[PDB]
$ cat upload-v2.cif   # mmCIF, C-alpha atoms and all ligand atoms
data_work
#
loop_
_atom_site.label_atom_id
_atom_site.label_comp_id
_atom_site.auth_asym_id
_atom_site.auth_seq_id
_atom_site.Cartn_x
_atom_site.Cartn_y
_atom_site.Cartn_z
CA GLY A 1 31.27 -9.47 178.46
CA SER A 2 29.53 -8.14 181.56
CA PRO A 3 27.69 -10.33 184.10
CA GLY A 4 24.27 -10.13 182.47
CA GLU A 5 21.99 -11.91 184.93
CA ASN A 6 23.38 -9.61 187.62
CA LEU A 7 21.87 -6.57 185.91
CA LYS A 8 18.47 -8.28 185.94
CA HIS A 9 18.61 -8.34 189.74
CA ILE A 10 18.75 -4.54 189.66
CA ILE A 11 15.27 -4.36 188.13
CA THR A 12 13.81 -7.43 189.83
CA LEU A 13 14.88 -5.90 193.14
CA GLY A 14 12.23 -3.24 192.59
CA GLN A 15 9.36 -5.38 191.32
CA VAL A 16 10.14 -7.86 194.10
CA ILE A 17 8.96 -5.36 196.70
CA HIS A 18 5.89 -4.52 194.62
CA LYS A 19 4.80 -8.15 194.29
CA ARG A 20 5.98 -9.02 197.79
CA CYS A 21 3.50 -6.60 199.36
CA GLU A 22 0.82 -7.53 196.84
CA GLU A 23 0.65 -10.92 198.55
CA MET A 24 1.15 -9.75 202.13
CA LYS A 25 -2.26 -9.20 203.72
CA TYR A 26 -0.87 -6.68 206.20
CA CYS A 27 -0.06 -2.97 206.33
CA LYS A 28 2.34 -3.79 203.50
CA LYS A 29 -0.64 -3.02 201.25
CA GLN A 30 0.12 0.66 201.82
CA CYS A 31 3.69 0.12 200.64
CA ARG A 32 2.15 0.20 197.16
CA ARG A 33 2.54 3.98 197.37
CA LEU A 34 6.29 3.79 198.02
CA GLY A 35 6.72 0.96 195.54
CA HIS A 36 5.11 2.97 192.75
CA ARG A 37 8.06 5.36 192.97
CA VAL A 38 10.84 2.77 192.77
CA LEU A 39 8.88 0.94 190.07
CA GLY A 40 9.43 3.95 187.84
CA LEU A 41 13.17 3.88 188.53
CA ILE A 42 13.55 0.40 187.04
CA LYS A 43 11.49 1.41 184.01
CA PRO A 44 14.57 2.85 182.25
CA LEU A 45 16.72 0.05 183.65
CA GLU A 46 14.74 -2.52 181.66
CA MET A 47 15.19 -0.64 178.38
CA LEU A 48 18.93 -1.29 178.73
CA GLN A 49 18.44 -4.97 179.55
CA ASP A 50 17.10 -5.39 176.01
CA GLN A 51 18.06 -2.78 173.41
CA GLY A 52 18.32 -2.74 169.63
CA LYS A 53 22.08 -3.28 169.69
CA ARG A 54 24.71 -5.38 171.47
CA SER A 55 25.11 -3.42 174.70
CA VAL A 56 28.28 -3.37 176.81
CA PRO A 57 27.59 -2.47 180.47
CA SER A 58 31.15 -2.05 181.75
CA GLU A 59 31.98 -2.70 185.41
CA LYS A 60 32.18 1.03 186.14
CA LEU A 61 28.46 1.29 185.36
CA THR A 62 27.49 -1.90 187.17
CA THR A 63 29.02 -0.41 190.32
CA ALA A 64 26.30 2.23 190.58
CA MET A 65 23.49 -0.25 189.90
CA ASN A 66 24.94 -2.57 192.54
CA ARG A 67 24.37 0.22 195.06
CA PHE A 68 20.74 0.57 194.00
CA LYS A 69 19.86 -3.10 194.49
CA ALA A 70 21.14 -2.68 198.04
CA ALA A 71 18.32 -0.22 198.75
CA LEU A 72 15.63 -2.57 197.46
CA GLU A 73 17.22 -5.56 199.20
CA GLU A 74 16.56 -3.82 202.52
CA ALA A 75 12.96 -2.85 201.72
CA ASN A 76 12.04 -6.48 201.00
CA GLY A 77 14.26 -7.69 203.83
CA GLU A 78 12.40 -5.78 206.54
CA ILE A 79 9.06 -6.88 205.07
CA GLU A 80 10.04 -10.55 205.19
CA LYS A 81 10.45 -10.16 208.95
CA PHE A 82 7.02 -8.51 209.19
CA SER A 83 5.52 -11.64 207.64
CA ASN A 84 4.61 -12.86 211.13
CA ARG A 85 1.63 -11.16 212.78
CA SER A 86 3.63 -11.20 216.02
CA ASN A 87 6.77 -9.90 214.30
CA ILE A 88 5.13 -7.07 212.35
CA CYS A 89 3.71 -5.85 215.67
CA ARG A 90 6.77 -6.69 217.73
CA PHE A 91 8.86 -4.46 215.47
CA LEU A 92 6.38 -1.58 215.33
CA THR A 93 6.32 -1.69 219.13
CA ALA A 94 10.02 -0.81 219.19
CA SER A 95 9.94 1.11 215.90
CA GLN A 96 8.29 4.27 217.22
CA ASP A 97 7.26 5.08 213.65
CA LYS A 98 3.91 4.38 212.00
CA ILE A 99 5.82 4.22 208.72
CA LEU A 100 7.63 0.97 207.94
CA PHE A 101 9.73 2.33 205.08
CA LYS A 102 10.46 5.78 206.50
CA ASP A 103 14.24 5.54 206.19
CA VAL A 104 14.14 3.25 203.16
CA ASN A 105 12.44 6.06 201.25
CA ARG A 106 15.63 8.11 201.50
CA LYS A 107 17.95 5.16 200.89
CA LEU A 108 16.36 4.43 197.51
CA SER A 109 16.95 8.11 196.74
CA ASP A 110 20.59 8.29 197.82
CA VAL A 111 21.29 5.20 195.72
CA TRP A 112 19.05 6.26 192.84
CA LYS A 113 21.10 9.37 192.09
CA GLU A 114 24.06 7.02 191.68
CA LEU A 115 22.49 5.80 188.44
CA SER A 116 21.08 9.20 187.50
CA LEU A 117 24.63 10.19 186.57
CA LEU A 118 24.94 7.24 184.19
CA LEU A 119 21.39 7.70 182.90
CA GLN A 120 21.90 11.43 182.30
CA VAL A 121 25.26 10.85 180.60
CA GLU A 122 24.11 7.83 178.60
CA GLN A 123 20.32 7.98 178.41
CA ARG A 124 20.57 11.77 178.36
CA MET A 125 17.71 12.02 180.87
CA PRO A 126 17.19 14.48 183.75
CA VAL A 127 16.58 11.72 186.30
CA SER A 128 15.78 14.11 189.15
CA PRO A 129 12.94 16.57 188.40
CA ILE A 130 10.69 13.82 187.05
CA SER A 131 10.74 11.35 189.95
CA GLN A 132 12.93 12.91 192.64
CA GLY A 133 11.91 16.23 194.17
CA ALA A 134 11.41 17.62 197.66
CA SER A 135 8.31 15.97 199.12
CA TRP A 136 9.07 12.28 199.66
CA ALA A 137 9.23 11.23 203.32
CA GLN A 138 6.29 13.53 204.05
CA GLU A 139 4.14 11.70 201.50
CA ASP A 140 4.54 8.54 203.59
CA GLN A 141 2.98 10.22 206.63
CA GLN A 142 -0.15 10.71 204.52
CA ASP A 143 -0.62 7.00 203.81
CA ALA A 144 0.57 6.11 207.31
CA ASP A 145 -2.50 7.90 208.68
CA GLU A 146 -4.62 5.12 207.19
CA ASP A 147 -2.24 2.36 208.29
CA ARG A 148 -3.04 3.22 211.91
CA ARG A 149 -6.71 2.41 211.33
CA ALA A 150 -5.77 -0.85 209.62
CA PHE A 151 -4.68 -2.07 213.05
CA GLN A 152 -7.93 -0.96 214.68
CA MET A 153 -10.25 -2.53 212.10
CA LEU A 154 -8.58 -5.82 213.04
CA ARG A 155 -10.75 -5.81 216.16
CA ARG A 156 -14.05 -6.05 214.30
CA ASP A 157 -14.73 -9.19 212.26
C1 LIG B 1 0.88 -5.04 214.91
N1 LIG B 1 1.08 -4.01 215.72
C2 LIG B 1 0.78 -2.87 215.09
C3 LIG B 1 0.36 -3.20 213.80
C4 LIG B 1 -0.01 -2.17 212.92
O1 LIG B 1 -0.38 -2.43 211.79
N2 LIG B 1 0.03 -0.89 213.34
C5 LIG B 1 -0.36 0.19 212.43
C6 LIG B 1 0.44 -0.59 214.59
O2 LIG B 1 0.47 0.58 214.93
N3 LIG B 1 0.81 -1.54 215.46
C7 LIG B 1 1.24 -1.17 216.81
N4 LIG B 1 0.44 -4.58 213.70
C8 LIG B 1 0.11 -5.40 212.53
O3 LIG B 1 -1.30 -5.62 212.49
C9 LIG B 1 -1.71 -6.84 213.10
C10 LIG B 1 -2.44 -7.71 212.07
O4 LIG B 1 -3.46 -8.47 212.72
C11 LIG B 1 -4.67 -8.59 211.96
#

$ encode --input "upload-v2.cif" --output "structure tokens" --more "lines below"
Ligand SMILES: *c1nc2c(c(=O)n(C)c(=O)n2C)n1COCCOC
Amino acid sequence: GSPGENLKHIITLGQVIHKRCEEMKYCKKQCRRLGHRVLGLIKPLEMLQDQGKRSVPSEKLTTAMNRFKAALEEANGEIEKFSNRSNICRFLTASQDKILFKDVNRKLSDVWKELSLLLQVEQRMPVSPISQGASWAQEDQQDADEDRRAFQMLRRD
């Protein structure tokens, strides 16, 4: 029977962060770079949500997905707290990291592989060389460089 709606959360969890930042008029705008990655992870997840045959996502499979949603839940969670101009700064003050999703970047990866096993065994996909790789956290530093200026520009009208 499977849960059904539960699976949907797996995908929505990703888009949620993409749309969440889209509205936020703060540094979150840069998150678009990190979101673009996760957005591609849910791509294949949607195909399963609606296939050309009565699917049967056992619990064993749902387990992995459940771990993925956890990664996205955090990404959006931290952002929600940065909704306040005073909060976003208050955190950064004790964050000691220009990047907001520095650790989250890895989390989404550690949890992603969890599904890669089911996607490679079922979907028969590589799920690794395409998205995953070696340069991930470093890429953030690139965009972060601009984020710093975003705080300065605030001064001028
Ligand atoms: C508060 N404090 C911040 C920031 C920020 O964006 N960056 C890059 C920082 O380094 N620090 C210390 N914010 C959020 O920006 C304030 C928005 O006001 C317009």

$ residues_near_ligand --input "upload-v2.cif" --ligand "ligand LIG 1 (chain B)" --cutoff "6 Å" --atoms "all atoms listed in the file" --output "PyMOL selection string"
chain A and resi 27+85+88-89+92-93+98+147-148+151+154

$ closest_residue --input "upload-v2.cif" --among "A:24, A:108, A:130, A:34" --to "residue 73 (chain A)" --atoms "all atoms listed in the file"
A:108

$ axis_aligned_box --input "upload-v2.cif" --around "region 78-92 of chain A" --padding-each-side "6 Å" --output "lines of an AutoDock Vina configuration file"
center_x = 7.0
center_y = -7.2
center_z = 211.4
size_x = 22.8
size_y = 23.3
size_z = 24.7

$ closest_residue --input "upload-v2.cif" --among "A:59, A:70, A:54, A:22" --to "residue 9 (chain A)" --atoms "all atoms listed in the file"
A:70

$ closest_residue --input "upload-v2.cif" --among "A:115, A:42, A:153, A:79" --to "residue 128 (chain A)" --atoms "all atoms listed in the file"
A:115

$ closest_residue --input "upload-v2.cif" --among "A:125, A:64, A:7, A:21" --to "residue 45 (chain A)" --atoms "only C-alpha atoms"
A:7

$ closest_residue --input "upload-v2.cif" --among "A:8, A:16, A:33, A:117" --to "residue 47 (chain A)" --atoms "only C-alpha atoms"
A:8

$ residues_near_point --input "upload-v2.cif" --point "(9.6, -6.3, 193.8)" --cutoff "10 Å" --atoms "all atoms listed in the file" --output "MDAnalysis selection string"
chainID A and resid 11:22 35 38:39 72:73 75:76

$ closest_residue --input "upload-v2.cif" --among "A:81, A:124, A:106, A:156" --to "residue 28 (chain A)" --atoms "all atoms listed in the file"
A:81

$ atom_distance --input "upload-v2.cif" --atom1 "CA of residue 86 (chain A)" --atom2 "CA of residue 26 (chain A)"
11.7 Å

$ build_atoms --input "upload-v2.cif" --residues "region 86-110 of chain A" --atoms "N, CA, C and O atoms" --output "PDB file, in the coordinates of the input"
ATOM      1  N   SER A  86       2.984 -11.545 214.758  1.00  0.00           N
ATOM      2  CA  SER A  86       3.630 -11.200 216.020  1.00  0.00           C
ATOM      3  C   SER A  86       4.885 -10.359 215.766  1.00  0.00           C
ATOM      4  O   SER A  86       5.232  -9.489 216.564  1.00  0.00           O
ATOM      5  N   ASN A  87       5.558 -10.630 214.653  1.00  0.00           N
ATOM      6  CA  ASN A  87       6.770  -9.900 214.300  1.00  0.00           C
ATOM      7  C   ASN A  87       6.442  -8.484 213.842  1.00  0.00           C
ATOM      8  O   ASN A  87       6.997  -7.513 214.357  1.00  0.00           O
ATOM      9  N   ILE A  88       5.537  -8.373 212.876  1.00  0.00           N
ATOM     10  CA  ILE A  88       5.130  -7.070 212.350  1.00  0.00           C
ATOM     11  C   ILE A  88       4.762  -6.120 213.483  1.00  0.00           C
ATOM     12  O   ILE A  88       5.047  -4.924 213.417  1.00  0.00           O
ATOM     13  N   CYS A  89       4.125  -6.655 214.519  1.00  0.00           N
ATOM     14  CA  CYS A  89       3.710  -5.850 215.670  1.00  0.00           C
ATOM     15  C   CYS A  89       4.887  -5.657 216.599  1.00  0.00           C
ATOM     16  O   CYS A  89       5.137  -4.553 217.084  1.00  0.00           O
ATOM     17  N   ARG A  90       5.614  -6.740 216.852  1.00  0.00           N
ATOM     18  CA  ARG A  90       6.770  -6.690 217.730  1.00  0.00           C
ATOM     19  C   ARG A  90       7.735  -5.586 217.308  1.00  0.00           C
ATOM     20  O   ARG A  90       8.258  -4.848 218.143  1.00  0.00           O
ATOM     21  N   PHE A  91       7.964  -5.477 216.003  1.00  0.00           N
ATOM     22  CA  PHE A  91       8.860  -4.460 215.470  1.00  0.00           C
ATOM     23  C   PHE A  91       8.284  -3.064 215.663  1.00  0.00           C
ATOM     24  O   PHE A  91       8.938  -2.182 216.219  1.00  0.00           O
ATOM     25  N   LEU A  92       7.053  -2.870 215.203  1.00  0.00           N
ATOM     26  CA  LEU A  92       6.380  -1.580 215.330  1.00  0.00           C
ATOM     27  C   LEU A  92       6.409  -1.090 216.772  1.00  0.00           C
ATOM     28  O   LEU A  92       6.521   0.108 217.032  1.00  0.00           O
ATOM     29  N   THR A  93       6.307  -2.027 217.711  1.00  0.00           N
ATOM     30  CA  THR A  93       6.320  -1.690 219.130  1.00  0.00           C
ATOM     31  C   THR A  93       7.613  -0.987 219.517  1.00  0.00           C
ATOM     32  O   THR A  93       7.612  -0.081 220.349  1.00  0.00           O
ATOM     33  N   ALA A  94       8.716  -1.406 218.906  1.00  0.00           N
ATOM     34  CA  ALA A  94      10.020  -0.810 219.190  1.00  0.00           C
ATOM     35  C   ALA A  94      10.505   0.021 218.006  1.00  0.00           C
ATOM     36  O   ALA A  94      11.679   0.386 217.934  1.00  0.00           O
ATOM     37  N   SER A  95       9.597   0.319 217.082  1.00  0.00           N
ATOM     38  CA  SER A  95       9.940   1.110 215.900  1.00  0.00           C
ATOM     39  C   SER A  95       9.686   2.592 216.151  1.00  0.00           C
ATOM     40  O   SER A  95      10.426   3.446 215.663  1.00  0.00           O
ATOM     41  N   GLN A  96       8.638   2.890 216.911  1.00  0.00           N
ATOM     42  CA  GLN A  96       8.290   4.270 217.220  1.00  0.00           C
ATOM     43  C   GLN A  96       8.071   5.078 215.947  1.00  0.00           C
ATOM     44  O   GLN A  96       8.391   6.265 215.890  1.00  0.00           O
ATOM     45  N   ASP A  97       7.525   4.427 214.926  1.00  0.00           N
ATOM     46  CA  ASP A  97       7.260   5.080 213.650  1.00  0.00           C
ATOM     47  C   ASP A  97       6.183   4.344 212.869  1.00  0.00           C
ATOM     48  O   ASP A  97       6.396   3.224 212.403  1.00  0.00           O
ATOM     49  N   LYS A  98       5.024   4.977 212.730  1.00  0.00           N
ATOM     50  CA  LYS A  98       3.910   4.380 212.000  1.00  0.00           C
ATOM     51  C   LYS A  98       4.355   3.886 210.631  1.00  0.00           C
ATOM     52  O   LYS A  98       3.846   2.884 210.127  1.00  0.00           O
ATOM     53  N   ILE A  99       5.307   4.594 210.033  1.00  0.00           N
ATOM     54  CA  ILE A  99       5.820   4.220 208.720  1.00  0.00           C
ATOM     55  C   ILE A  99       6.841   3.095 208.827  1.00  0.00           C
ATOM     56  O   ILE A  99       7.719   3.116 209.691  1.00  0.00           O
ATOM     57  N   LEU A 100       6.718   2.110 207.945  1.00  0.00           N
ATOM     58  CA  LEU A 100       7.630   0.970 207.940  1.00  0.00           C
ATOM     59  C   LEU A 100       8.855   1.259 207.077  1.00  0.00           C
ATOM     60  O   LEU A 100       9.965   0.834 207.397  1.00  0.00           O
ATOM     61  N   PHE A 101       8.646   1.985 205.984  1.00  0.00           N
ATOM     62  CA  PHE A 101       9.730   2.330 205.080  1.00  0.00           C
ATOM     63  C   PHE A 101      10.018   3.831 205.116  1.00  0.00           C
ATOM     64  O   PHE A 101      10.091   4.487 204.078  1.00  0.00           O
ATOM     65  N   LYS A 102      10.179   4.365 206.322  1.00  0.00           N
ATOM     66  CA  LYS A 102      10.460   5.780 206.500  1.00  0.00           C
ATOM     67  C   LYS A 102      11.878   6.120 206.063  1.00  0.00           C
ATOM     68  O   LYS A 102      12.101   7.074 205.317  1.00  0.00           O
ATOM     69  N   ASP A 103      12.838   5.331 206.532  1.00  0.00           N
ATOM     70  CA  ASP A 103      14.240   5.540 206.190  1.00  0.00           C
ATOM     71  C   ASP A 103      14.544   5.002 204.794  1.00  0.00           C
ATOM     72  O   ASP A 103      15.311   5.599 204.040  1.00  0.00           O
ATOM     73  N   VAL A 104      13.938   3.867 204.459  1.00  0.00           N
ATOM     74  CA  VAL A 104      14.140   3.250 203.160  1.00  0.00           C
ATOM     75  C   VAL A 104      13.833   4.222 202.027  1.00  0.00           C
ATOM     76  O   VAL A 104      14.478   4.201 200.980  1.00  0.00           O
ATOM     77  N   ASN A 105      12.839   5.077 202.248  1.00  0.00           N
ATOM     78  CA  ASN A 105      12.440   6.060 201.250  1.00  0.00           C
ATOM     79  C   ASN A 105      13.635   6.907 200.813  1.00  0.00           C
ATOM     80  O   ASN A 105      13.804   7.196 199.629  1.00  0.00           O
ATOM     81  N   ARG A 106      14.457   7.300 201.780  1.00  0.00           N
ATOM     82  CA  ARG A 106      15.630   8.110 201.500  1.00  0.00           C
ATOM     83  C   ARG A 106      16.740   7.270 200.870  1.00  0.00           C
ATOM     84  O   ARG A 106      17.407   7.701 199.929  1.00  0.00           O
ATOM     85  N   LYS A 107      16.931   6.066 201.398  1.00  0.00           N
ATOM     86  CA  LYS A 107      17.950   5.160 200.890  1.00  0.00           C
ATOM     87  C   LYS A 107      17.823   4.980 199.382  1.00  0.00           C
ATOM     88  O   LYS A 107      18.790   5.151 198.639  1.00  0.00           O
ATOM     89  N   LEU A 108      16.620   4.636 198.935  1.00  0.00           N
ATOM     90  CA  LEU A 108      16.360   4.430 197.510  1.00  0.00           C
ATOM     91  C   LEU A 108      16.693   5.691 196.716  1.00  0.00           C
ATOM     92  O   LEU A 108      16.983   5.622 195.522  1.00  0.00           O
ATOM     93  N   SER A 109      16.651   6.839 197.385  1.00  0.00           N
ATOM     94  CA  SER A 109      16.950   8.110 196.740  1.00  0.00           C
ATOM     95  C   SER A 109      18.452   8.343 196.655  1.00  0.00           C
ATOM     96  O   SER A 109      18.977   8.724 195.608  1.00  0.00           O
ATOM     97  N   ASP A 110      19.141   8.111 197.767  1.00  0.00           N
ATOM     98  CA  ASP A 110      20.590   8.290 197.820  1.00  0.00           C
ATOM     99  C   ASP A 110      21.290   7.362 196.839  1.00  0.00           C
ATOM    100  O   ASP A 110      22.328   7.707 196.273  1.00  0.00           O
TER     101      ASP A 110
END
